[PDB]
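S.K.: You'll find input_29.pdb just under this line, and it carries PDB, N, CA and C atoms.
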```pdb
MODEL        1
ATOM      1  N   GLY A   1     121.347  68.563 121.630  1.00  0.00           N
ATOM      2  CA  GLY A   1     121.256  70.048 121.536  1.00  0.00           C
ATOM      3  C   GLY A   1     122.634  70.655 121.773  1.00  0.00           C
ATOM      4  N   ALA A   2     122.730  71.506 122.790  1.00  0.00           N
ATOM      5  CA  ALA A   2     123.996  72.155 123.111  1.00  0.00           C
ATOM      6  C   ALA A   2     124.584  72.816 121.868  1.00  0.00           C
ATOM      7  N   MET A   3     125.805  73.328 122.000  1.00  0.00           N
ATOM      8  CA  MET A   3     126.478  73.986 120.884  1.00  0.00           C
ATOM      9  C   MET A   3     125.513  74.891 120.124  1.00  0.00           C
ATOM     10  N   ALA A   4     124.461  75.334 120.804  1.00  0.00           N
ATOM     11  CA  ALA A   4     123.477  76.211 120.180  1.00  0.00           C
ATOM     12  C   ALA A   4     124.134  77.521 119.762  1.00  0.00           C
ATOM     13  N   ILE A   5     123.615  78.129 118.699  1.00  0.00           N
ATOM     14  CA  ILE A   5     124.173  79.385 118.215  1.00  0.00           C
ATOM     15  C   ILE A   5     123.992  80.488 119.256  1.00  0.00           C
ATOM     16  N   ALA A   6     125.021  81.321 119.417  1.00  0.00           N
ATOM     17  CA  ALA A   6     124.980  82.419 120.387  1.00  0.00           C
ATOM     18  C   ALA A   6     125.240  83.752 119.691  1.00  0.00           C
ATOM     19  N   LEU A   7     124.933  83.809 118.400  1.00  0.00           N
ATOM     20  CA  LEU A   7     125.131  85.031 117.628  1.00  0.00           C
ATOM     21  C   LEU A   7     124.098  86.079 118.028  1.00  0.00           C
ATOM     22  N   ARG A   8     124.497  87.337 117.913  1.00  0.00           N
ATOM     23  CA  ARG A   8     123.622  88.446 118.263  1.00  0.00           C
ATOM     24  C   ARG A   8     122.550  88.649 117.198  1.00  0.00           C
ATOM     25  N   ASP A   9     121.606  89.539 117.481  1.00  0.00           N
ATOM     26  CA  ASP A   9     120.524  89.806 116.540  1.00  0.00           C
ATOM     27  C   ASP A   9     121.077  90.323 115.215  1.00  0.00           C
ATOM     28  N   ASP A  10     122.009  91.265 115.291  1.00  0.00           N
ATOM     29  CA  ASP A  10     122.615  91.820 114.087  1.00  0.00           C
ATOM     30  C   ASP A  10     123.460  90.770 113.377  1.00  0.00           C
ATOM     31  N   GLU A  11     124.197  89.989 114.159  1.00  0.00           N
ATOM     32  CA  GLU A  11     125.038  88.938 113.599  1.00  0.00           C
ATOM     33  C   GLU A  11     124.190  87.878 112.906  1.00  0.00           C
ATOM     34  N   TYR A  12     123.045  87.559 113.501  1.00  0.00           N
ATOM     35  CA  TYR A  12     122.154  86.563 112.919  1.00  0.00           C
ATOM     36  C   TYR A  12     121.735  87.006 111.521  1.00  0.00           C
ATOM     37  N   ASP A  13     121.389  88.280 111.397  1.00  0.00           N
ATOM     38  CA  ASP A  13     120.982  88.832 110.109  1.00  0.00           C
ATOM     39  C   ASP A  13     122.135  88.780 109.109  1.00  0.00           C
ATOM     40  N   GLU A  14     123.341  89.059 109.583  1.00  0.00           N
ATOM     41  CA  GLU A  14     124.515  89.050 108.712  1.00  0.00           C
ATOM     42  C   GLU A  14     124.787  87.650 108.165  1.00  0.00           C
ATOM     43  N   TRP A  15     124.692  86.645 109.027  1.00  0.00           N
ATOM     44  CA  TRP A  15     124.925  85.268 108.606  1.00  0.00           C
ATOM     45  C   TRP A  15     123.847  84.830 107.612  1.00  0.00           C
ATOM     46  N   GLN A  16     122.594  85.106 107.929  1.00  0.00           N
ATOM     47  CA  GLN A  16     121.513  84.742 107.024  1.00  0.00           C
ATOM     48  C   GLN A  16     121.642  85.511 105.711  1.00  0.00           C
ATOM     49  N   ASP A  17     122.069  86.761 105.817  1.00  0.00           N
ATOM     50  CA  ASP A  17     122.221  87.611 104.643  1.00  0.00           C
ATOM     51  C   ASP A  17     123.358  87.111 103.751  1.00  0.00           C
ATOM     52  N   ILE A  18     124.433  86.613 104.359  1.00  0.00           N
ATOM     53  CA  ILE A  18     125.550  86.122 103.565  1.00  0.00           C
ATOM     54  C   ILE A  18     125.066  84.895 102.796  1.00  0.00           C
ATOM     55  N   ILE A  19     124.253  84.083 103.464  1.00  0.00           N
ATOM     56  CA  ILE A  19     123.692  82.899 102.830  1.00  0.00           C
ATOM     57  C   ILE A  19     122.852  83.320 101.635  1.00  0.00           C
ATOM     58  N   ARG A  20     122.063  84.363 101.826  1.00  0.00           N
ATOM     59  CA  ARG A  20     121.232  84.871 100.749  1.00  0.00           C
ATOM     60  C   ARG A  20     122.122  85.246  99.571  1.00  0.00           C
ATOM     61  N   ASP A  21     123.271  85.851  99.875  1.00  0.00           N
ATOM     62  CA  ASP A  21     124.200  86.251  98.825  1.00  0.00           C
ATOM     63  C   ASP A  21     124.680  85.026  98.042  1.00  0.00           C
ATOM     64  N   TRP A  22     125.031  83.956  98.763  1.00  0.00           N
ATOM     65  CA  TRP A  22     125.499  82.727  98.113  1.00  0.00           C
ATOM     66  C   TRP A  22     124.316  81.846  97.711  1.00  0.00           C
ATOM     67  N   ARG A  23     123.123  82.268  98.091  1.00  0.00           N
ATOM     68  CA  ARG A  23     121.918  81.504  97.793  1.00  0.00           C
ATOM     69  C   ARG A  23     122.059  80.038  98.217  1.00  0.00           C
ATOM     70  N   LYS A  24     123.058  79.738  99.057  1.00  0.00           N
ATOM     71  CA  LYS A  24     123.258  78.362  99.544  1.00  0.00           C
ATOM     72  C   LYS A  24     123.523  78.377 101.047  1.00  0.00           C
ATOM     73  N   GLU A  25     122.876  77.464 101.760  1.00  0.00           N
ATOM     74  CA  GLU A  25     123.024  77.385 103.209  1.00  0.00           C
ATOM     75  C   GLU A  25     124.460  77.075 103.621  1.00  0.00           C
ATOM     76  N   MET A  26     124.991  77.904 104.521  1.00  0.00           N
ATOM     77  CA  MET A  26     126.352  77.738 105.041  1.00  0.00           C
ATOM     78  C   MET A  26     126.300  77.685 106.563  1.00  0.00           C
ATOM     79  N   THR A  27     127.352  77.182 107.195  1.00  0.00           N
ATOM     80  CA  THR A  27     127.360  77.092 108.653  1.00  0.00           C
ATOM     81  C   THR A  27     127.845  78.388 109.283  1.00  0.00           C
ATOM     82  N   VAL A  28     127.423  78.611 110.519  1.00  0.00           N
ATOM     83  CA  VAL A  28     127.828  79.785 111.272  1.00  0.00           C
ATOM     84  C   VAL A  28     129.321  79.706 111.567  1.00  0.00           C
ATOM     85  N   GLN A  29     129.781  78.521 111.934  1.00  0.00           N
ATOM     86  CA  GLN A  29     131.183  78.329 112.241  1.00  0.00           C
ATOM     87  C   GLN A  29     132.050  78.844 111.100  1.00  0.00           C
ATOM     88  N   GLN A  30     131.707  78.443 109.883  1.00  0.00           N
ATOM     89  CA  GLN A  30     132.445  78.871 108.699  1.00  0.00           C
ATOM     90  C   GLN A  30     132.461  80.401 108.612  1.00  0.00           C
ATOM     91  N   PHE A  31     131.319  81.027 108.888  1.00  0.00           N
ATOM     92  CA  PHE A  31     131.228  82.484 108.835  1.00  0.00           C
ATOM     93  C   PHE A  31     132.209  83.111 109.829  1.00  0.00           C
ATOM     94  N   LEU A  32     132.249  82.579 111.048  1.00  0.00           N
ATOM     95  CA  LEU A  32     133.178  83.080 112.064  1.00  0.00           C
ATOM     96  C   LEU A  32     134.624  82.885 111.601  1.00  0.00           C
ATOM     97  N   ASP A  33     134.901  81.755 110.981  1.00  0.00           N
ATOM     98  CA  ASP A  33     136.250  81.480 110.512  1.00  0.00           C
ATOM     99  C   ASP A  33     136.649  82.472 109.416  1.00  0.00           C
ATOM    100  N   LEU A  34     135.709  82.750 108.513  1.00  0.00           N
ATOM    101  CA  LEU A  34     135.966  83.664 107.406  1.00  0.00           C
ATOM    102  C   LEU A  34     136.229  85.087 107.890  1.00  0.00           C
ATOM    103  N   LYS A  35     135.365  85.588 108.765  1.00  0.00           N
ATOM    104  CA  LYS A  35     135.526  86.937 109.279  1.00  0.00           C
ATOM    105  C   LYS A  35     136.770  87.001 110.156  1.00  0.00           C
ATOM    106  N   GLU A  36     136.956  85.988 110.985  1.00  0.00           N
ATOM    107  CA  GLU A  36     138.110  85.967 111.861  1.00  0.00           C
ATOM    108  C   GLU A  36     139.382  86.192 111.050  1.00  0.00           C
ATOM    109  N   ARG A  37     139.566  85.399 109.995  1.00  0.00           N
ATOM    110  CA  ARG A  37     140.750  85.545 109.155  1.00  0.00           C
ATOM    111  C   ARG A  37     140.769  86.895 108.439  1.00  0.00           C
ATOM    112  N   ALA A  38     139.632  87.302 107.874  1.00  0.00           N
ATOM    113  CA  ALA A  38     139.569  88.571 107.150  1.00  0.00           C
ATOM    114  C   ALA A  38     139.893  89.746 108.072  1.00  0.00           C
ATOM    115  N   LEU A  39     139.215  89.792 109.209  1.00  0.00           N
ATOM    116  CA  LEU A  39     139.423  90.856 110.181  1.00  0.00           C
ATOM    117  C   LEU A  39     140.832  90.777 110.763  1.00  0.00           C
ATOM    118  N   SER A  40     141.413  89.583 110.733  1.00  0.00           N
ATOM    119  CA  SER A  40     142.755  89.382 111.261  1.00  0.00           C
ATOM    120  C   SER A  40     143.807  89.883 110.272  1.00  0.00           C
ATOM    121  N   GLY A  41     143.346  90.469 109.167  1.00  0.00           N
ATOM    122  CA  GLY A  41     144.255  91.007 108.157  1.00  0.00           C
ATOM    123  C   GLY A  41     144.667  89.947 107.142  1.00  0.00           C
ATOM    124  N   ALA A  42     143.802  88.966 106.911  1.00  0.00           N
ATOM    125  CA  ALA A  42     144.112  87.908 105.956  1.00  0.00           C
ATOM    126  C   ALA A  42     144.131  88.460 104.541  1.00  0.00           C
ATOM    127  N   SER A  43     145.011  87.914 103.707  1.00  0.00           N
ATOM    128  CA  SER A  43     145.108  88.353 102.318  1.00  0.00           C
ATOM    129  C   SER A  43     144.360  87.401 101.392  1.00  0.00           C
ATOM    130  N   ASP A  44     143.919  86.268 101.932  1.00  0.00           N
ATOM    131  CA  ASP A  44     143.189  85.291 101.127  1.00  0.00           C
ATOM    132  C   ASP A  44     142.163  86.010 100.243  1.00  0.00           C
ATOM    133  N   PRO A  45     141.858  85.496  99.074  1.00  0.00           N
ATOM    134  CA  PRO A  45     140.876  86.148  98.156  1.00  0.00           C
ATOM    135  C   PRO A  45     139.491  86.250  98.796  1.00  0.00           C
ATOM    136  N   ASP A  46     139.173  85.281  99.640  1.00  0.00           N
ATOM    137  CA  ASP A  46     137.883  85.264 100.318  1.00  0.00           C
ATOM    138  C   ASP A  46     137.817  86.363 101.375  1.00  0.00           C
ATOM    139  N   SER A  47     138.974  86.738 101.912  1.00  0.00           N
ATOM    140  CA  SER A  47     139.032  87.776 102.937  1.00  0.00           C
ATOM    141  C   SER A  47     138.785  89.155 102.348  1.00  0.00           C
ATOM    142  N   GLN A  48     139.541  89.494 101.315  1.00  0.00           N
ATOM    143  CA  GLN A  48     139.384  90.796 100.691  1.00  0.00           C
ATOM    144  C   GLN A  48     137.988  90.880 100.081  1.00  0.00           C
ATOM    145  N   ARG A  49     137.535  89.761  99.525  1.00  0.00           N
ATOM    146  CA  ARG A  49     136.200  89.694  98.949  1.00  0.00           C
ATOM    147  C   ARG A  49     135.157  89.849 100.053  1.00  0.00           C
ATOM    148  N   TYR A  50     135.424  89.241 101.204  1.00  0.00           N
ATOM    149  CA  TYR A  50     134.508  89.341 102.337  1.00  0.00           C
ATOM    150  C   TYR A  50     134.389  90.798 102.779  1.00  0.00           C
ATOM    151  N   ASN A  51     135.530  91.465 102.897  1.00  0.00           N
ATOM    152  CA  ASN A  51     135.535  92.866 103.295  1.00  0.00           C
ATOM    153  C   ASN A  51     134.723  93.657 102.273  1.00  0.00           C
ATOM    154  N   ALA A  52     134.875  93.295 101.002  1.00  0.00           N
ATOM    155  CA  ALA A  52     134.122  93.960  99.948  1.00  0.00           C
ATOM    156  C   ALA A  52     132.640  93.683 100.136  1.00  0.00           C
ATOM    157  N   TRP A  53     132.305  92.447 100.468  1.00  0.00           N
ATOM    158  CA  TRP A  53     130.910  92.097 100.664  1.00  0.00           C
ATOM    159  C   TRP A  53     130.303  93.028 101.702  1.00  0.00           C
ATOM    160  N   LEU A  54     131.076  93.336 102.739  1.00  0.00           N
ATOM    161  CA  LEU A  54     130.601  94.258 103.762  1.00  0.00           C
ATOM    162  C   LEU A  54     130.400  95.628 103.123  1.00  0.00           C
ATOM    163  N   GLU A  55     131.320  95.983 102.225  1.00  0.00           N
ATOM    164  CA  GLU A  55     131.252  97.267 101.534  1.00  0.00           C
ATOM    165  C   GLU A  55     130.013  97.324 100.634  1.00  0.00           C
ATOM    166  N   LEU A  56     129.760  96.240  99.902  1.00  0.00           N
ATOM    167  CA  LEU A  56     128.586  96.186  99.038  1.00  0.00           C
ATOM    168  C   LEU A  56     127.346  96.317  99.905  1.00  0.00           C
ATOM    169  N   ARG A  57     127.365  95.611 101.017  1.00  0.00           N
ATOM    170  CA  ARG A  57     126.259  95.650 101.957  1.00  0.00           C
ATOM    171  C   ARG A  57     126.019  97.066 102.448  1.00  0.00           C
ATOM    172  N   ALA A  58     127.098  97.769 102.718  1.00  0.00           N
ATOM    173  CA  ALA A  58     126.985  99.130 103.185  1.00  0.00           C
ATOM    174  C   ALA A  58     126.251  99.937 102.134  1.00  0.00           C
ATOM    175  N   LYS A  59     126.506  99.591 100.880  1.00  0.00           N
ATOM    176  CA  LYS A  59     125.869 100.277  99.762  1.00  0.00           C
ATOM    177  C   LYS A  59     124.391  99.899  99.671  1.00  0.00           C
ATOM    178  N   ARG A  60     124.081  98.647 100.006  1.00  0.00           N
ATOM    179  CA  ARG A  60     122.702  98.151  99.940  1.00  0.00           C
ATOM    180  C   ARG A  60     121.892  98.593 101.161  1.00  0.00           C
ATOM    181  N   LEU A  61     121.040  99.608 100.981  1.00  0.00           N
ATOM    182  CA  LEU A  61     120.196 100.103 102.076  1.00  0.00           C
ATOM    183  C   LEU A  61     118.809  99.479 101.989  1.00  0.00           C
ATOM    184  N   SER A  62     118.097  99.491 103.113  1.00  0.00           N
ATOM    185  CA  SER A  62     116.750  98.927 103.165  1.00  0.00           C
ATOM    186  C   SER A  62     115.955  99.296 101.916  1.00  0.00           C
TER     187      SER A  62
ENDMDL
END
```
Would you mind writing the file's structure down as structure tokens?

M.R.:
Amino acid sequence: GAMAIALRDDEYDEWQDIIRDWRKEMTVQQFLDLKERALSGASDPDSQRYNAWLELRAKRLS
């Protein structure tokens, strides 16, 4: 066991939701790495795209 996920309720939804977007199961660690770099001001294509994904999400209401 151990190394259990400690993501918040909102974060859990975000990770599962990102998976839904890629329709493929991804790890939480990877998600943290992606946001970490993006939020850290990364220029990588995945970073700007990630920020956009948040923007698209903002557009997508219940």

S.K.: Please, what distance in Å, to one decimal, runs between CA of residue 1 in chain A and CA of residue 23 in chain A?

M.R.: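 The value is 26.4 Å.
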
S.K.: Nearest residue to residue 35 in chain A out of A:11, A:56, A:4, A:22, using only C-alpha atoms?

M.R.: A:11

S.K.: Which residues match the PyMOL selection byres (((chain A and resi 38 and name CA) around 12) and name CA) in the file above, as a ChimeraX atom specification?

M.R.: /A:31-37,39-54

S.K.: Could you state the separation of atom C of residue 62 in chain A and atom N of residue 26 in chain A in Å, given to one decimal place?

M.R.: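 Straight-line distance from atom C of residue 62 in chain A to atom N of residue 26 in chain A works out to 23.4 Å.
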
S.K.: What does the distance between CA of residue 55 in chain A and CA of residue 18 in chain A come to in Å, to one decimal place?

M.R.: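 According to the coordinates, CA of residue 55 in chain A and CA of residue 18 in chain A are separated by 12.7 Å.
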